[PDB]
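Novice: only the shape, not the letters, is given here:
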């Protein structure tokens, strides 16, 4: 019961910092939809594909 | 142009602007927009990059267009006057620099918005403005000079 | 006259008419009446006749007078033209008959309301109205053509 608490806390903390990294991927680029997008930051580091 | 202000108990303390595809609102003010179509939108908070949500449909969208690349240090228009500066913001005289002027857009000669002010009350003989802009390749950055109070 | 609109998300999608004693608002539309004296009225559901409670205060009772039977085919006015038929309404031409219009009174030459428009967007060469009507001895009916989409 102590071992499943470590595997639950560290799971929801590592994906919490990953969700912050996912969120900060976009707000440089959702603010200017006319700007072009590199192919490295589209699918490798972040999730958003090319749209519009 | 279209730039609706922000109300709080009658007095004017903030301004909200509409760009192509989105709406903006500064975080240094609290209040409700008097427009009913602009009040039911889920405005989500963000960092200093100032991400908001333009959930309004197309039929009133794109009152003005955001500025492209190739920014000179030439003439730029302003609600109280004019500014001629690209790296920093111009040393405008007094009068402008009061309270509640946050969110007023800075436009070019061709009616295209360049920067949105957020601070810089009074910095002596030369007054600077803390604005957001796109630095070199369209990435939206925030510029703040030294000692910039929230204005 | 008096016909206050109903606004959902700022835009206008329908109109609520006030007949003598009772305010009639269609329920196929949704929203809130902008009047503070009418938004406090309770909403009572019905069939597609679309009743609402006549809690109108005594200061401003009897806004409009309804019209009973003995109705000639005649010529009857309309907000975007005229309708000249008794059993149904006139097949009005295209253009008139858009969206966000259902709820208009149809009045006589004396100003007596005889119908309330609900449906009938397109009916071939000319669009045919789907209104509520009072029958040969004063009972409210609903008259629809075949395949009439509502507003």
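Specialist: Noted; the coordinates are in hand. Residues are numbered from 1 along each chain as shown, chains lettered A, B, ... in the order given.
Novice: helix/strand/coil for the spatially most central residue of chain A?
Specialist: Geometric centre of chain A, nearest residue: residue A:22, 1.6 Å, by C-alpha atoms, centre = their mean. Classification of residue A:22 by DSSP: H, G, I helix; E, B strand; the rest coil places it in helix.
Novice: write out the residues of chain A neighbouring chain B.
Specialist: For chain A, the residues in contact with chain B (C-beta under 8 Å from any C-beta of the partner chain) are A:24, A:26, A:27, A:28, A:29, A:30, A:31, A:32, A:33, A:34, A:35, A:36. Heads up, the C-betas are built off the backbone N, CA and C, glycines and all.
Novice: not counting sequence-adjacent ones, nearest residue to the first one?
Specialist: Distance criterion C-beta to C-beta, 6 or more residues apart in numbering or on different chains; nearest residue to residue A:24, sequence neighbours excluded, is residue B:47 at 7.5 Å.
Novice: that neighbour reaches residue A:31, doesn't it?
Specialist: No - using C-beta atoms under 8 Å, residue B:47 makes no contact with residue A:31, being 11.0 Å away.
Novice: and the two? which has more neighbours close in?
Specialist: residue A:31 (23 against 11; other C-beta atoms under 10 Å in any protein chain shown).
Novice: now that one: how far from residue B:53?
Specialist: The gap separating residue A:31 from residue B:53 is 12 Å, by C-beta to C-beta, to the nearest Å.
Novice: next, show the common contact partners of those two.
Specialist: residue B:22 (C-beta atoms under 8 Å, 6 or more residues apart in numbering or on different chains).
Novice: sorry, back to before: which of the residues of chain A next to chain B ranks first by neighbour count?
Specialist: Busiest of the residues of chain A next to chain B [other C-beta under 10 Å] is residue A:31, holding 23 neighbours.
Novice: chain C contacts on chain B?
Specialist: B:35, B:36, B:37, B:38, B:40.
Novice: the third one: what's it in contact with?
Specialist: Spelled out, it's residue B:37. With C-beta under 8 Å, 6+ apart, residue B:37 has these contacts: B:56, B:60, C:9, C:10, C:11.
Novice: circling back: show me which of the residues of chain B next to chain C are buried.
Specialist: Buried members of the residues of chain B next to chain C, scored by 16 or more other C-beta atoms under 10 Å in any protein chain shown, are B:35, B:38.
Novice: so what's the closest residue to chain B within chain A up against?
Specialist: For chain A and chain B, the shortest gap (C-beta to the nearest C-beta) falls at residue A:35, measuring 2.8 Å. Residue A:35 is in contact with A:29, B:134, B:137, B:138, B:139, counting by C-beta under 8 Å, 6+ apart.
Novice: let's go with 7 Å and repeat that
Specialist: The contact partners of residue A:35, taken as C-beta atoms under 7 Å, 6 or more residues apart in numbering or on different chains, are A:29, B:137, B:138.
Novice: ok, which stretches of chain A are strands?
Specialist: With DSSP state E as the definition, chain A shows no strands.
Novice: in three-state terms, label residue B:132 for me.
Specialist: strand.
Novice: how many residues are close by it?
Specialist: Neighbours of residue B:132 (other C-beta under 10 Å): 20.
Novice: repeat for residue B:122
Specialist: Around residue B:122 there are 15 residues (other C-beta under 10 Å).
Novice: wait, isn't residue B:15 in contact with residue B:5?
Specialist: Yes - counting by C-beta atoms under 7 Å, residue B:15 does reach residue B:5; the two are 5.1 Å apart.
Novice: quick one: which of these two has more around it?
Specialist: residue B:15 (23 against 17).
Novice: distance of the closest residue to that one other than its chain neighbours relative to residue B:13?
Specialist: Spatial nearest neighbour of residue B:15, excluding adjacent residues (C-beta to C-beta, 6+ apart): residue B:103 at 3.6 Å. With distances taken as C-beta to C-beta, residue B:103 is found 10 Å from residue B:13.
Novice: so for the two, which sits in the more crowded spot?
Specialist: residue B:103 (22 against 17).
Novice: I figured that one hits residue B:14, correct?
Specialist: Yes - the pair residue B:103 / residue B:14 is scored as a contact, 5.8 Å apart, by C-beta under 7 Å.
Novice: shared neighbours, these two?
Specialist: residue B:26.
Novice: chain A contacts on chain B?
Specialist: Proximity of chain B to chain A (C-beta under 7 Å from any C-beta of the partner chain) is limited to residues B:21, B:46, B:47, B:49, B:51, B:66, B:134, B:137, B:138, B:139, B:140.
Novice: rerun that using 8 Å as the cut-off
Specialist: Going by C-beta under 8 Å from any C-beta, the residues of chain B near chain A are B:21-22, B:46-47, B:49-51, B:66, B:68, B:134, B:137-140.
Novice: ok, residue A:43 - contacts?
Specialist: residue A:49.
Novice: run the chain-centre distance for stretch A:16-30.
Specialist: From the chain centre to the centre of stretch A:16-30 is a distance of 5 Å (C-alpha atoms, centre = their mean, to the nearest Å).
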